[PDB]
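Chemist: Pasting model38.txt below, which is compact mmCIF, C-alpha atoms and all ligand atoms.
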```txt
# COMPACT_ATOMS: atom_id res chain seq x y z
CA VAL A 1 175.18 103.51 256.75
CA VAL A 2 178.34 103.45 254.68
CA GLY A 3 179.38 106.71 252.95
CA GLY A 4 176.77 108.68 254.96
CA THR A 5 176.99 112.10 256.67
CA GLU A 6 175.78 112.81 260.19
CA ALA A 7 172.05 113.68 260.14
CA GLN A 8 170.98 116.98 261.67
CA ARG A 9 169.30 116.32 265.05
CA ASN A 10 165.79 117.27 263.89
CA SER A 11 165.94 115.87 260.37
CA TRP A 12 164.23 112.48 260.58
CA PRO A 13 161.95 112.50 263.58
CA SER A 14 160.16 109.23 262.68
CA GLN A 15 163.42 107.28 262.89
CA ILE A 16 163.63 104.96 265.89
CA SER A 17 166.36 102.80 267.45
CA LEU A 18 165.19 99.24 268.22
CA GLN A 19 167.30 97.85 271.03
CA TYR A 20 167.61 94.60 272.90
CA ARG A 21 168.52 93.96 276.48
CA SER A 22 172.10 92.83 276.81
CA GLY A 23 173.12 92.12 280.41
CA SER A 24 172.55 95.28 282.44
CA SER A 25 172.27 97.48 279.35
CA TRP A 26 170.70 97.88 275.93
CA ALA A 27 172.24 97.36 272.49
CA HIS A 28 171.02 98.93 269.28
CA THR A 29 170.10 96.25 266.77
CA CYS A 30 167.86 97.76 264.07
CA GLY A 31 166.09 100.85 262.92
CA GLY A 32 162.35 101.42 262.56
CA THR A 33 159.82 104.13 261.75
CA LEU A 34 157.25 105.43 264.21
CA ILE A 35 153.95 105.18 262.35
CA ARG A 36 151.46 105.75 265.25
CA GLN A 37 152.12 107.07 268.73
CA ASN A 38 152.14 103.44 269.80
CA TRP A 39 153.19 101.57 266.67
CA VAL A 40 156.56 101.15 264.98
CA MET A 41 157.20 99.61 261.61
CA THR A 42 160.45 97.59 261.27
CA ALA A 43 161.80 94.55 259.45
CA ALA A 44 160.61 91.05 260.34
CA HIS A 45 164.17 89.72 260.52
CA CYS A 46 164.96 92.27 263.25
CA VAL A 47 162.65 90.50 265.60
CA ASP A 48 163.32 86.83 264.69
CA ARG A 49 165.29 86.44 267.99
CA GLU A 50 163.28 85.83 271.12
CA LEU A 51 164.84 88.93 272.83
CA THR A 52 163.54 91.69 275.05
CA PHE A 53 163.19 94.81 272.87
CA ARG A 54 162.65 98.48 273.53
CA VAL A 55 162.13 101.36 271.15
CA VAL A 56 163.96 104.67 271.47
CA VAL A 57 162.37 107.68 269.85
CA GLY A 58 163.95 111.14 269.65
CA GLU A 59 167.32 109.42 269.65
CA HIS A 60 170.38 110.98 267.93
CA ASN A 61 173.63 109.87 269.65
CA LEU A 62 173.36 106.25 270.90
CA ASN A 63 176.13 106.87 273.38
CA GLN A 64 175.20 110.11 275.12
CA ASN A 65 172.18 111.81 276.64
CA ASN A 66 170.60 114.07 273.99
CA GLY A 67 167.88 115.42 276.30
CA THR A 68 165.21 114.30 273.81
CA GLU A 69 164.92 110.46 274.03
CA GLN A 70 161.81 108.56 275.14
CA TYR A 71 162.25 104.87 275.95
CA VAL A 72 159.35 102.53 275.60
CA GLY A 73 158.87 98.75 275.88
CA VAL A 74 157.55 96.59 273.03
CA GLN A 75 154.26 95.01 274.04
CA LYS A 76 153.32 93.02 270.93
CA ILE A 77 155.15 92.00 267.80
CA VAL A 78 153.17 91.27 264.63
CA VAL A 79 155.31 89.82 261.89
CA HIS A 80 153.98 89.52 258.38
CA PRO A 81 152.42 86.01 258.27
CA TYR A 82 154.24 85.10 255.03
CA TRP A 83 157.67 86.01 256.38
CA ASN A 84 160.15 83.21 256.36
CA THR A 85 163.47 83.71 258.16
CA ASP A 86 165.25 81.20 255.89
CA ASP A 87 164.23 83.13 252.70
CA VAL A 88 164.73 86.96 253.05
CA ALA A 89 164.73 87.09 249.23
CA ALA A 90 161.09 85.91 249.30
CA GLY A 91 160.15 89.34 250.81
CA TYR A 92 157.55 90.01 253.50
CA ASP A 93 160.40 91.47 255.67
CA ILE A 94 158.12 93.71 257.70
CA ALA A 95 156.77 93.70 261.24
CA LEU A 96 154.75 96.07 263.42
CA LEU A 97 155.57 96.64 267.08
CA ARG A 98 152.92 97.82 269.41
CA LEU A 99 154.46 99.99 272.17
CA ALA A 100 153.65 99.58 275.86
CA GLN A 101 152.82 103.30 276.00
CA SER A 102 152.08 106.02 273.45
CA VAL A 103 155.05 108.29 272.91
CA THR A 104 154.74 112.02 273.04
CA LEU A 105 155.11 113.79 269.71
CA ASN A 106 157.31 116.91 269.42
CA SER A 107 160.06 118.28 267.06
CA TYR A 108 162.14 115.11 267.65
CA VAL A 109 159.36 112.52 267.56
CA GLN A 110 156.95 112.51 264.64
CA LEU A 111 154.96 109.94 262.72
CA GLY A 112 156.55 108.76 259.47
CA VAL A 113 154.44 109.54 256.40
CA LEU A 114 153.69 106.42 254.34
CA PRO A 115 153.14 106.33 250.56
CA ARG A 116 149.76 105.58 248.99
CA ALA A 117 149.24 101.82 248.33
CA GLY A 118 150.78 100.57 245.07
CA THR A 119 153.02 103.63 244.57
CA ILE A 120 156.20 102.86 242.71
CA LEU A 121 159.01 105.41 242.27
CA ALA A 122 160.55 106.21 238.87
CA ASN A 123 164.12 104.94 238.45
CA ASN A 124 166.68 107.29 240.11
CA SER A 125 164.24 108.89 242.49
CA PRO A 126 165.84 110.92 245.35
CA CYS A 127 165.91 109.06 248.66
CA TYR A 128 167.88 109.04 251.88
CA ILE A 129 168.64 105.98 253.95
CA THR A 130 169.09 106.78 257.67
CA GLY A 131 170.38 104.69 260.59
CA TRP A 132 173.03 103.87 263.10
CA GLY A 133 174.27 100.79 261.27
CA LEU A 134 177.89 99.95 260.44
CA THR A 135 179.72 102.78 258.76
CA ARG A 136 181.90 100.31 256.80
CA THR A 137 181.53 96.71 255.79
CA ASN A 138 182.60 94.66 258.86
CA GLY A 139 182.94 98.00 260.72
CA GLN A 140 181.20 99.40 263.76
CA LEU A 141 177.89 101.11 264.47
CA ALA A 142 177.65 104.86 264.15
CA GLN A 143 177.27 106.74 267.42
CA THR A 144 175.24 109.48 265.75
CA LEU A 145 172.40 109.01 263.21
CA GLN A 146 173.76 108.91 259.65
CA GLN A 147 172.02 109.63 256.35
CA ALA A 148 173.15 108.73 252.81
CA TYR A 149 171.71 109.88 249.51
CA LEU A 150 170.58 106.69 247.76
CA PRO A 151 168.61 107.12 244.55
CA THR A 152 166.27 104.26 243.59
CA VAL A 153 167.11 101.53 241.08
CA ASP A 154 163.89 100.45 239.47
CA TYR A 155 162.74 96.83 239.42
CA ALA A 156 163.67 96.21 235.76
CA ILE A 157 167.28 97.27 236.39
CA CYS A 158 167.45 95.84 239.92
CA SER A 159 166.33 92.32 238.98
CA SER A 160 168.54 92.13 235.89
CA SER A 161 171.42 89.65 236.01
CA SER A 162 174.26 92.02 236.95
CA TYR A 163 172.29 93.55 239.80
CA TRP A 164 170.27 91.31 242.01
CA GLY A 165 168.71 89.02 239.42
CA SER A 166 165.86 86.87 240.70
CA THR A 167 166.68 87.71 244.32
CA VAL A 168 164.86 91.06 244.12
CA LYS A 169 161.06 90.99 243.94
CA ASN A 170 158.59 93.73 242.89
CA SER A 171 157.57 93.84 246.56
CA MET A 172 160.94 95.50 247.19
CA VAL A 173 162.68 98.83 246.54
CA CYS A 174 166.38 98.93 245.59
CA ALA A 175 168.41 102.10 246.15
CA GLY A 176 172.07 102.95 245.80
CA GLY A 177 174.48 100.41 244.32
CA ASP A 178 177.23 102.98 243.61
CA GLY A 179 179.83 100.96 245.58
CA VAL A 180 180.34 103.92 247.92
CA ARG A 181 177.09 104.49 249.87
CA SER A 182 174.69 101.89 251.24
CA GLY A 183 172.87 100.52 254.21
CA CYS A 184 174.84 98.17 256.40
CA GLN A 185 174.21 95.90 259.41
CA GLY A 186 172.23 97.73 262.13
CA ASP A 187 170.29 99.84 259.58
CA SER A 188 167.83 96.97 258.91
CA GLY A 189 164.25 97.84 259.66
CA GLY A 190 164.87 101.57 259.29
CA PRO A 191 163.37 103.97 256.75
CA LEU A 192 164.23 104.88 253.18
CA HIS A 193 162.73 108.38 252.93
CA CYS A 194 161.93 109.48 249.41
CA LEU A 195 160.86 112.91 248.17
CA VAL A 196 157.45 112.80 246.43
CA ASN A 197 155.39 115.92 245.58
CA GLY A 198 157.44 118.02 247.98
CA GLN A 199 157.11 115.71 250.97
CA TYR A 200 159.38 112.91 252.21
CA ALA A 201 157.58 109.63 252.73
CA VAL A 202 158.94 106.32 253.97
CA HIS A 203 158.98 104.13 250.89
CA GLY A 204 161.34 101.39 252.19
CA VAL A 205 161.98 99.32 255.26
CA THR A 206 165.72 98.36 255.14
CA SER A 207 165.98 94.60 254.50
CA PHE A 208 169.25 93.41 253.07
CA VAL A 209 172.54 93.95 251.36
CA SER A 210 175.02 91.66 249.53
CA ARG A 211 176.82 88.87 251.44
CA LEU A 212 179.87 90.28 249.63
CA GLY A 213 179.61 93.50 251.65
CA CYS A 214 177.49 96.59 252.30
CA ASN A 215 178.64 99.06 249.62
CA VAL A 216 178.97 96.87 246.55
CA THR A 217 178.72 98.33 243.00
CA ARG A 218 175.56 96.94 241.32
CA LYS A 219 174.24 95.52 244.65
CA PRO A 220 172.04 98.32 245.82
CA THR A 221 170.60 98.14 249.27
CA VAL A 222 167.17 96.34 249.22
CA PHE A 223 164.17 97.49 251.15
CA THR A 224 160.71 96.07 251.71
CA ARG A 225 158.42 98.26 249.59
CA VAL A 226 156.11 99.92 252.15
CA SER A 227 153.51 100.73 249.51
CA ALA A 228 152.95 96.99 248.94
CA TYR A 229 151.79 96.61 252.60
CA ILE A 230 149.50 99.53 253.28
CA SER A 231 146.35 97.32 253.63
CA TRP A 232 148.30 94.88 255.80
CA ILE A 233 149.59 97.68 258.04
CA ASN A 234 146.13 99.24 258.37
CA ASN A 235 144.58 95.80 259.06
CA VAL A 236 147.03 95.01 261.88
CA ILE A 237 146.63 98.39 263.50
CA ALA A 238 142.80 98.14 263.24
CA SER A 239 142.74 94.69 264.86
CA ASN A 240 145.27 95.39 267.64
CA CA B 1 171.18 109.55 273.13
```
What would the structure in this file look like if it were written as structure tokens?
Modeler:
Amino acid sequence: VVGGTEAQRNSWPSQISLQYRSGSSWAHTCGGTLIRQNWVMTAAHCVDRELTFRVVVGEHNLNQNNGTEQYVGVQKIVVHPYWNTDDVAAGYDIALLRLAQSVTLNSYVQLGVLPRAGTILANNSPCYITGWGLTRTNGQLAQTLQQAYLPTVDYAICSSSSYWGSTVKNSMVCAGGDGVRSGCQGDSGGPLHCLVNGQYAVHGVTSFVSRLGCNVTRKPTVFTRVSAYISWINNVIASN
């Protein structure tokens, strides 16, 4: 997250760190959202590589023991069947990870609330992106969870020529674009939490930013729109 502030330890208890095995240790690669005690929602492109992954819930500082982490293997990966690695702009950048064990819920580990199917936010709706991604374009991962206020940019504006044009689809949410705050590499797959009727819900799964850089004016961060996949998510969970 570029232009973020450190999240308070108990702020975003559905946020997970998706990590891959790297030699004798584990490297954060993406975010995700815990949606059942044994299911995580993340981006498809996070799991294109044939790596060994684990999920960390209750995580806050990647680099130090927080006393609150649970570490759990990924047992099954279900990518959206229409996802195509060569065409992130096509959409479908979503995947569900079934965990090897059910995690224990507490103040640091909670299920993310999902929007009702079809729900679209009015332009400039209040949202926060969270994650441990790069804190600057071509920078380094955050050690502690960051959050940035990123208000939505509605489809009409987002798909106009000076924003994302035809690259953005109505299956996506755009947020930010101020040239100061944005998602950045390592945030992918994580939540965009938006305030609706008094309650934060996870409306976005972080998907991409501009090749020109993370915080680019008129290139808001782009998220898979969770509300376009509610049936799909329910169907996968019901059949696995
Ligand atoms: Ca830690």
Chemist: Counting all atoms listed in the file, which residue out of A:68, A:14, A:231, A:188 sits closest to ligand CA 1 (chain B)?
Modeler: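 Smallest separation from ligand CA 1 (chain B) among the options: A:68.
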Chemist: Taking only C-alpha atoms and all ligand atoms into account, which of A:9, A:49, A:28, A:60 comes nearest ligand CA 1 (chain B)?
Modeler: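 Nearest candidate to ligand CA 1 (chain B) out of A:9, A:49, A:28, A:60: A:60.
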Chemist: Nearest to ligand CA 1 (chain B): which of A:57, A:122, A:46, A:1 is it, counting only C-alpha atoms and all ligand atoms?
Modeler: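 Distance minimum relative to ligand CA 1 (chain B) lands on A:57.
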Chemist: Which residue, A:12, A:53, A:223, A:71, has the smallest gap to ligand CA 1 (chain B) when you use only C-alpha atoms and all ligand atoms?
Modeler: A:71
Chemist: Looking at A:177, A:220, A:139, A:58, which one is nearest to ligand CA 1 (chain B), with distances taken over all atoms listed in the file?
Modeler: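 Of the candidates, the smallest distance to ligand CA 1 (chain B) is held by A:58.
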Chemist: Between atom CA of residue A:110 and atom CA of residue A:16, what is the distance, to one decimal in Å?
Modeler: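 Separating atom CA of residue A:110 from atom CA of residue A:16 is a distance of 10.2 Å.
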Chemist: Please, what distance in Å, to one decimal, runs between atom CA of residue A:197 and atom CA of residue A:7?
Modeler: 22.2 Å
Chemist: Hey, what's within 9 Å of residue A:74 if we count only C-alpha atoms and toss same-chain stuff fewer than 2 positions away? As a count of residues only, please?
Modeler: 12
Chemist: Which one is closest to residue A:105: A:232, A:38, A:85, A:135? Count all atoms listed in the file.
Modeler: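 Residue with the minimum atom-to-atom distance to residue A:105: A:38.
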Chemist: Quick one: contact table of chain A to ligand CA 1 (chain B), 8 Å max, nearest atom pair and distance in Å to one decimal per residue, counting all atoms listed in the file, chain and number order, as a Markdown table?
Modeler:
```
| residue | atom | partner | partner_atom | distance |
| --- | --- | --- | --- | --- |
| A:59 | CA | B:CA1 | CA | 5.2 |
| A:60 | CA | B:CA1 | CA | 5.5 |
| A:61 | CA | B:CA1 | CA | 4.3 |
| A:62 | CA | B:CA1 | CA | 4.5 |
| A:63 | CA | B:CA1 | CA | 5.6 |
| A:64 | CA | B:CA1 | CA | 4.5 |
| A:65 | CA | B:CA1 | CA | 4.3 |
| A:66 | CA | B:CA1 | CA | 4.6 |
| A:67 | CA | B:CA1 | CA | 7.4 |
| A:68 | CA | B:CA1 | CA | 7.7 |
| A:69 | CA | B:CA1 | CA | 6.4 |
```
Chemist: Quick one: distance from atom CA of residue A:50 to atom CA of residue A:82 in Å, one decimal?
Modeler: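 Distance between the two atoms: 18.5 Å.
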Chemist: Give me the residues within 7 Å of residue A:80 as a PyMOL selection string, counting all atoms listed in the file and dropping any in the same chain fewer than 3 places off.
Modeler: chain A and resi 83+92+94-95
Chemist: Emit the selected residues as a PDB file, in the frame of the given file, including C-alpha atoms.
Modeler:
```pdb
ATOM      1  CA  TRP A  83     157.670  86.010 256.380  1.00  0.00           C
ATOM      2  CA  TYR A  92     157.550  90.010 253.500  1.00  0.00           C
ATOM      3  CA  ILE A  94     158.120  93.710 257.700  1.00  0.00           C
ATOM      4  CA  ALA A  95     156.770  93.700 261.240  1.00  0.00           C
TER       5      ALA A  95
END
```
Chemist: Edge lengths and centre, in Å to one decimal, as lines of an AutoDock Vina configuration file: that's what I need for the box along x, y and z that holds all listed atoms of stretch 70-76 of chain A plus 4 Å on each side.
Modeler:
```
center_x = 157.8
center_y = 100.8
center_z = 273.4
size_x = 16.9
size_y = 23.5
size_z = 13.0
```
Chemist: Please identify all polymer residues within 9 Å of residue A:159, counting all atoms listed in the file, omitting same-chain residues fewer than 5 positions from it, and present them as a list in words.
Modeler: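 Residues meeting the cut-off are residues 154, 164, 165, 166, 167, 168, 169 and 170 of chain A.
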Chemist: If we count all atoms listed in the file, what is near stretch 179-182 of chain A at a cut-off of 6 Å, once residues fewer than 4 positions away on the same chain are taken out, given as an MDAnalysis selection string?
Modeler: chainID A and resid 1:3 215:217 221
Chemist: For residue A:124, please output as an MDAnalysis selection string all residues within 12 Å (counting only C-alpha atoms; exclusion window: fewer than 6 positions along the same chain).
Modeler: chainID A and resid 149:155 157:158 173:178 194:195 220
Chemist: Would you fill out stretch 177-209 of chain A with N, CA and C atoms and return it as a PDB file, keeping the file's coordinate frame?
Modeler:
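Contents of rebuild_11.pdb, as written:
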```
ATOM      1  N   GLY A 177     173.711 101.263 245.251  1.00  0.00           N
ATOM      2  CA  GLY A 177     174.480 100.410 244.320  1.00  0.00           C
ATOM      3  C   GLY A 177     175.696 101.110 243.723  1.00  0.00           C
ATOM      4  N   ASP A 178     176.113 102.261 244.273  1.00  0.00           N
ATOM      5  CA  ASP A 178     177.230 102.980 243.610  1.00  0.00           C
ATOM      6  C   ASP A 178     178.603 102.457 244.058  1.00  0.00           C
ATOM      7  N   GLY A 179     178.596 101.596 245.083  1.00  0.00           N
ATOM      8  CA  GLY A 179     179.830 100.960 245.580  1.00  0.00           C
ATOM      9  C   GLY A 179     180.479 101.834 246.635  1.00  0.00           C
ATOM     10  N   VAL A 180     179.846 102.966 246.918  1.00  0.00           N
ATOM     11  CA  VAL A 180     180.340 103.920 247.920  1.00  0.00           C
ATOM     12  C   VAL A 180     179.365 104.085 249.117  1.00  0.00           C
ATOM     13  N   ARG A 181     178.103 104.251 248.812  1.00  0.00           N
ATOM     14  CA  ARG A 181     177.090 104.490 249.870  1.00  0.00           C
ATOM     15  C   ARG A 181     176.092 103.365 249.939  1.00  0.00           C
ATOM     16  N   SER A 182     175.658 102.992 251.147  1.00  0.00           N
ATOM     17  CA  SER A 182     174.690 101.890 251.240  1.00  0.00           C
ATOM     18  C   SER A 182     174.222 101.818 252.664  1.00  0.00           C
ATOM     19  N   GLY A 183     173.182 101.015 252.865  1.00  0.00           N
ATOM     20  CA  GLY A 183     172.870 100.520 254.210  1.00  0.00           C
ATOM     21  C   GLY A 183     173.895  99.518 254.655  1.00  0.00           C
ATOM     22  N   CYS A 184     173.903  99.175 255.947  1.00  0.00           N
ATOM     23  CA  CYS A 184     174.840  98.170 256.400  1.00  0.00           C
ATOM     24  C   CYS A 184     174.240  97.632 257.725  1.00  0.00           C
ATOM     25  N   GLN A 185     174.856  96.602 258.293  1.00  0.00           N
ATOM     26  CA  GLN A 185     174.210  95.900 259.410  1.00  0.00           C
ATOM     27  C   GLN A 185     173.875  96.902 260.483  1.00  0.00           C
ATOM     28  N   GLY A 186     172.666  96.793 261.051  1.00  0.00           N
ATOM     29  CA  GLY A 186     172.230  97.730 262.130  1.00  0.00           C
ATOM     30  C   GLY A 186     171.321  98.809 261.558  1.00  0.00           C
ATOM     31  N   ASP A 187     171.269  98.924 260.221  1.00  0.00           N
ATOM     32  CA  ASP A 187     170.290  99.840 259.580  1.00  0.00           C
ATOM     33  C   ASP A 187     168.973  99.130 259.298  1.00  0.00           C
ATOM     34  N   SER A 188     169.002  97.791 259.211  1.00  0.00           N
ATOM     35  CA  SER A 188     167.830  96.970 258.910  1.00  0.00           C
ATOM     36  C   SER A 188     166.623  97.491 259.645  1.00  0.00           C
ATOM     37  N   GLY A 189     165.492  97.495 258.966  1.00  0.00           N
ATOM     38  CA  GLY A 189     164.250  97.840 259.660  1.00  0.00           C
ATOM     39  C   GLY A 189     163.967  99.326 259.609  1.00  0.00           C
ATOM     40  N   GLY A 190     165.016 100.123 259.339  1.00  0.00           N
ATOM     41  CA  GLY A 190     164.870 101.570 259.290  1.00  0.00           C
ATOM     42  C   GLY A 190     164.279 102.044 257.981  1.00  0.00           C
ATOM     43  N   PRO A 191     164.034 103.354 257.886  1.00  0.00           N
ATOM     44  CA  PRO A 191     163.370 103.970 256.750  1.00  0.00           C
ATOM     45  C   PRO A 191     164.283 104.244 255.543  1.00  0.00           C
ATOM     46  N   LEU A 192     163.656 104.209 254.380  1.00  0.00           N
ATOM     47  CA  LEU A 192     164.230 104.880 253.180  1.00  0.00           C
ATOM     48  C   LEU A 192     163.211 105.986 252.934  1.00  0.00           C
ATOM     49  N   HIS A 193     163.640 107.237 253.018  1.00  0.00           N
ATOM     50  CA  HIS A 193     162.730 108.380 252.930  1.00  0.00           C
ATOM     51  C   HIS A 193     162.894 108.897 251.532  1.00  0.00           C
ATOM     52  N   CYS A 194     161.807 108.988 250.786  1.00  0.00           N
ATOM     53  CA  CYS A 194     161.930 109.480 249.410  1.00  0.00           C
ATOM     54  C   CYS A 194     161.054 110.708 249.161  1.00  0.00           C
ATOM     55  N   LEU A 195     161.575 111.665 248.397  1.00  0.00           N
ATOM     56  CA  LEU A 195     160.860 112.910 248.170  1.00  0.00           C
ATOM     57  C   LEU A 195     159.822 112.715 247.068  1.00  0.00           C
ATOM     58  N   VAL A 196     158.545 112.887 247.404  1.00  0.00           N
ATOM     59  CA  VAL A 196     157.450 112.800 246.430  1.00  0.00           C
ATOM     60  C   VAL A 196     156.478 113.977 246.586  1.00  0.00           C
ATOM     61  N   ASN A 197     156.256 114.742 245.511  1.00  0.00           N
ATOM     62  CA  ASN A 197     155.390 115.920 245.580  1.00  0.00           C
ATOM     63  C   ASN A 197     155.703 116.806 246.797  1.00  0.00           C
ATOM     64  N   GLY A 198     156.990 116.993 247.062  1.00  0.00           N
ATOM     65  CA  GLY A 198     157.440 118.020 247.980  1.00  0.00           C
ATOM     66  C   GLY A 198     157.592 117.535 249.391  1.00  0.00           C
ATOM     67  N   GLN A 199     157.184 116.290 249.636  1.00  0.00           N
ATOM     68  CA  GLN A 199     157.110 115.710 250.970  1.00  0.00           C
ATOM     69  C   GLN A 199     157.899 114.387 250.997  1.00  0.00           C
ATOM     70  N   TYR A 200     158.745 114.201 251.998  1.00  0.00           N
ATOM     71  CA  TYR A 200     159.380 112.910 252.210  1.00  0.00           C
ATOM     72  C   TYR A 200     158.352 111.894 252.754  1.00  0.00           C
ATOM     73  N   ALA A 201     158.339 110.696 252.172  1.00  0.00           N
ATOM     74  CA  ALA A 201     157.580 109.630 252.730  1.00  0.00           C
ATOM     75  C   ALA A 201     158.488 108.417 252.847  1.00  0.00           C
ATOM     76  N   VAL A 202     158.142 107.520 253.754  1.00  0.00           N
ATOM     77  CA  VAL A 202     158.940 106.320 253.970  1.00  0.00           C
ATOM     78  C   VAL A 202     158.523 105.234 252.997  1.00  0.00           C
ATOM     79  N   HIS A 203     159.309 105.099 251.896  1.00  0.00           N
ATOM     80  CA  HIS A 203     158.980 104.130 250.890  1.00  0.00           C
ATOM     81  C   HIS A 203     159.609 102.752 251.121  1.00  0.00           C
ATOM     82  N   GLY A 204     160.626 102.671 251.994  1.00  0.00           N
ATOM     83  CA  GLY A 204     161.340 101.390 252.190  1.00  0.00           C
ATOM     84  C   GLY A 204     161.540 101.071 253.635  1.00  0.00           C
ATOM     85  N   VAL A 205     161.554  99.781 253.951  1.00  0.00           N
ATOM     86  CA  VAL A 205     161.980  99.320 255.260  1.00  0.00           C
ATOM     87  C   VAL A 205     163.291  98.554 254.939  1.00  0.00           C
ATOM     88  N   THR A 206     164.410  99.018 255.491  1.00  0.00           N
ATOM     89  CA  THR A 206     165.720  98.360 255.140  1.00  0.00           C
ATOM     90  C   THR A 206     165.734  96.847 255.396  1.00  0.00           C
ATOM     91  N   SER A 207     166.092  96.060 254.359  1.00  0.00           N
ATOM     92  CA  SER A 207     165.980  94.600 254.500  1.00  0.00           C
ATOM     93  C   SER A 207     167.313  93.886 254.333  1.00  0.00           C
ATOM     94  N   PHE A 208     167.973  94.083 253.197  1.00  0.00           N
ATOM     95  CA  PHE A 208     169.250  93.410 253.070  1.00  0.00           C
ATOM     96  C   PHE A 208     170.231  94.046 252.145  1.00  0.00           C
ATOM     97  N   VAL A 209     171.463  93.570 252.266  1.00  0.00           N
ATOM     98  CA  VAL A 209     172.540  93.950 251.360  1.00  0.00           C
ATOM     99  C   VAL A 209     173.255  92.657 250.904  1.00  0.00           C
TER     100      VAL A 209
END
```
